[PDB]
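Q:
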Ligand SMILES: NC(=O)[C@H]1CCCN(C(=O)Cc2cccc3nsnc23)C1
Ligand SMILES: [Zn+2]
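Numbering (UniProt numbering), first residue to last: 869 to 1007.
Structure (structure tokens):
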């Protein structure tokens, strides 16, 4: 679990969105596993606007932050689950590192700010849904 709070927005994994997230929907994309809902309270997370390929992510299954090199946002094949059939997930970045299903929502950050959130994993790899291209999160 986990979310990004920026201005009047809350960004979560789409497969983990609540009834309240859907009742206050701003934008959602199944192919990216992202959902953004509106919030009354003001968020103060800074989103990065960069092309970094190094950062630090939070791994709740180990209660630790890990430094990682990660790939550029791309279309990557993802196995079926109770949330999606087998498909390509776009805007996805991979790194060598530990993750478990409950790790989704953990933030990936670089020196510029929030890069994305954990969205997939397995076989010693962790996948992050990128948010740096969503320029509207700031306005
Ligand atoms: N975006 C998707 O389609 C997700 C939806 C939930 C299931 N999923 C996973 O990757 C499950 C998983 C297993 C093993 C380590 C994991 N670390 S994070 N998620 C992990 C795919
Ligand atoms: Zn950066």
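Backbone N, C-alpha and C define an ideal beta-carbon position, used for all residues, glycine too.
Using only alpha-carbon positions, find the residue among 1001, 915, 906 and 939 that is nearest to residue 922.
A: Taking the first residue of the chain shown as position 1, residue 922 is located at position 54. When each option's Cα is compared against that of residue 922, the closest is 939.
Q: Quick one: grab the DSSP three-state call for residue 980.
A: In the chain shown, counting from the first residue as 1, residue 980 sits at position 112. If DSSP states are grouped into helix, strand and coil, residue 980 belongs with coil.
Q: Pick helix, strand or coil for residue 898, following the three-state DSSP scheme.
A: Sequence index remark: in the chain shown, residue 898 carries index 30 (1-based). DSSP places residue 898 in coil when its eight states are reduced to three.
Q: Considering only C-alpha positions, which residue in the set 869, 881 and 876 is nearest to residue 999?
A: The residue given as residue 999 occupies position 131 in the chain shown. Ranking 869, 881 and 876 by Cα distance to residue 999 puts 881 first.
Q: Output the distance between the C-alpha atoms of residue 934 and residue 919, rounded to the nearest integer angstrom.
A: Counting from 1 along the chain shown, the entry for residue 934 is found at position 66. Counting from 1 along the chain shown, the entry for residue 919 is found at position 51. Cα to Cα, the separation comes out at about 19 Å.
Q: Please name the residue or residues paired with residue 905 in a DSSP beta bridge.
A: Here residue 905 refers to the residue found at position 37 when the chain shown is read from its first residue. Beta-bridge pairing links residue 905 to 878 and 893.
Q: Output the distance between the C-alpha atoms of residue 986 and residue 959, rounded to the nearest integer angstrom.
A: Against the chain shown, residue 986 aligns to sequence position 118. Against the chain shown, residue 959 aligns to sequence position 91. Each residue's alpha carbon lies about 12 Å from the other.
Q: Return yes when at least one heavy atom of ligand 2 lies under 7 Å from the C-beta of residue 916, else no.
A: On the chain shown, position 48 is the one that residue 916 refers to. Checking the Cβ of residue 916 against ligand 2 gives yes.
Q: Identify the continuous beta strand (DSSP E) that holds residue 932 and give its terminal residues.
A: Residue mapping note: residue 932 aligns to position 64 of the chain shown, counting from 1. Looking at the DSSP string, the run of the beta strand (DSSP E) that includes residue 932 is 932 to 937.
Q: Kindly say whether residue 888, judged by its beta-carbon, lies nearer than 8 Å to any beta-carbon of chain B.
A: Although the question refers to chain B, the structure presented lacks it and comprises just one protein chain.
Q: Report back the beta-carbon spacing between residue 869 and residue 970 to the nearest angstrom; my notes put them in contact at under 8 Å.
A: By one-based count along the chain shown, residue 869 stands at place 1. By one-based count along the chain shown, residue 970 stands at place 102. That belief holds up - the Cβ atoms of residue 869 and residue 970 are roughly 7 Å apart, short of 8 Å.
Q: Could you tell me if the beta carbon of residue 959 falls within a distance shorter than 7 Å of some heavy atom in ligand 2?
A: The residue you call residue 959 lines up with position 91 of the chain shown. False, no ligand heavy atom lies under 7 Å from that Cβ.
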